[PDB]
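**Q**
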Amino acid sequence: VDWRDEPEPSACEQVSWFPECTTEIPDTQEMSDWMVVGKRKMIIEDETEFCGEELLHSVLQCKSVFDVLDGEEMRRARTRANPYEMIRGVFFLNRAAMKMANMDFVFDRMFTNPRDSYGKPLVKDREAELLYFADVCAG
RNA sequence: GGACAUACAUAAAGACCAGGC
Numbered sequence: 044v045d046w047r048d049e050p051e052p053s054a055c056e057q058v059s060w061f062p063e064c065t066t067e068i069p070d071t072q073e074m075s076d077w078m079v080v081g082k083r084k085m086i087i088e089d090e091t092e093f094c095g096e097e098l099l100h101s102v103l104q105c106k107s108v109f110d111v112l113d114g115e116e117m118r119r120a121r122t123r124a125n126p127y128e129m130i131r132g133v134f135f136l137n138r139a140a141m142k143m144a145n146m147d148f149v150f151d152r153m154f155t156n157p158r159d160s161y162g163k164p165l166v167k168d169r170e171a172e173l174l175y176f177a178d179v180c181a182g
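Counting in this note's numbering, the first sequence runs from 44 upward without gaps.
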């Protein structure tokens, strides 16, 4: 695997979206048979329905190369190899806060300043309205 | 995937003996 043919590390991130869902929202009658119960599968190597077999086997092999390695040796190499590792948490309690800071920039402040379909802010700091949010599995 | 034991303290006790006023 030639890893040296990687694009120069950048603070500029690109977003590709799914198309806009043109189908109706599935109802209770449409979904009535959608829940298939089968044998408990604990195999990931044959899950090729949405990824080419050669890429799936290659990423699984590249993961399992680390199973024989000391975790502190892996962690030290990773800290040198990741161009973004010096960001960390800055002044926040952990590096997860910086993921939300990054994504709230990349997604046009849609979380910290959400908008209606006409592009108007749903919360104005001078009016009696609060930005309600939830944070789950988030300790 | 830090200390002045500034604890001045070796003072045996006990005894007899010698001298001082």
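Ideal Cβ positions, reconstructed from N, Cα and C, are used throughout, including at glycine.
(1) Could you give the DSSP three-state label for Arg119: helix, strand or coil?
(2) Please look up how many angstroms separate the CB atoms of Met141 and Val133, rounded, as I've assumed it's under 8 Å.
(3) Between the alpha carbons of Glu172 and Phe154, how many angstroms are there, rounded?
(4) If you measure from the CB of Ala140, is any heavy atom of the ligand SAM nearer than 6 Å?
(5) Have a look at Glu92 and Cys180 and give me their C-alpha separation to the nearest angstrom.
(6) Where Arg123 and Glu116 are concerned, what is the direct C-alpha to C-alpha distance, given to the nearest angstrom?
(7) Kindly indicate the opening and closing residues of the alpha helix (DSSP H) around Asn145.
(8) Between the region 62 to 75 and the region 145 to 165, do at least 3 Cβ pairs fall closer than 8 Å?
(9) How far does the alpha helix (DSSP H) with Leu99 in it reach, from first residue to last?
**A** Inspection of the coordinates gives the following:
(1) helix
(2) 6 Å
(3) 15 Å
(4) Looking for the ligand SAM in the displayed structure turns up nothing, as the structure carries no ligands at all.
(5) 29 Å
(6) 11 Å
(7) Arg138 to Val149
(8) no
(9) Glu96 to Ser107
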